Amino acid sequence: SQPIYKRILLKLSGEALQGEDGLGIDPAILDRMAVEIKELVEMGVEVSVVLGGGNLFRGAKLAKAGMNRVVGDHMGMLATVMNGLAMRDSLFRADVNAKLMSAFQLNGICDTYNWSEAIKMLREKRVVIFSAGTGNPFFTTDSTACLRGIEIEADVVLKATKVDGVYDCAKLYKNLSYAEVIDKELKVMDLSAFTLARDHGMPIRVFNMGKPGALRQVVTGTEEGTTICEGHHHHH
């Protein structure tokens, strides 16, 4: 089909980038993602990307050893910049115009995040990657996806997972309201992230990024994955 969105925010966990060796960055996987993003771009979609850092750092063992959680979150924010640099270089090599922004100033490495400049780049049809989360500890990459998504006036947050969407347990939900997710006690994202998306009416699509082709289907149709959005019984 043709795209149903003008501007998306695609959220990928760091683990999206790992190979069967389940660690670091797999170049073949990253280059596949770059070609998939290229085809949305040549479809005319404005693409922003938020990456986590869990392929490069998981702090559980250090936390168990007594590491301060603030320090663990900082390490993780740095890991997202490293992932963002790799994606930016992968996009360049696929001949896609791309820019990396970071919550922290990183002079000589990338751009500093600025919401109005990001929208300006997106409207220039550059892919914008957001790294370093929000600069603060105790806030998930999901919270960052929702925050950035709302700031850059994206139409939707695409939550890339390793599963087909949201299940009860196994039956896949196609459409859920924010109220239903809460009522049925389902797992979508942490309550803080979900609450930001809800208060601002940002719809979320949860889909399987590991299925080559799934991303294009999400962007061009209603059928792939699970959609979470505002219930019908409020406004018209």
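Quick note: we count residues from 1 along the sequence shown, nothing fancier.
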property	result
Continuity check for residue 169 and residue 170, given as deposited residues lacking coordinates between them	4 to 9
193-201 versus 27-35 - which carries the larger mean C-alpha B factor in the record	27-35
Between the two ranges 45-53 and 184-192, the one averaging a larger CA B factor in the entry	184-192
Record-listed C-alpha B factor of residue 214: chain third	highest
CA B-factor placement of residue 145, once the chain's modelled residues are sorted into thirds	lowest
For residue 73, the third of its chain into which the C-alpha B factor falls	lowest
Residue 17 CA temperature factor, ranked by third within the chain	highest
CA B-factor placement of residue 98, once the chain's modelled residues are sorted into thirds	middle
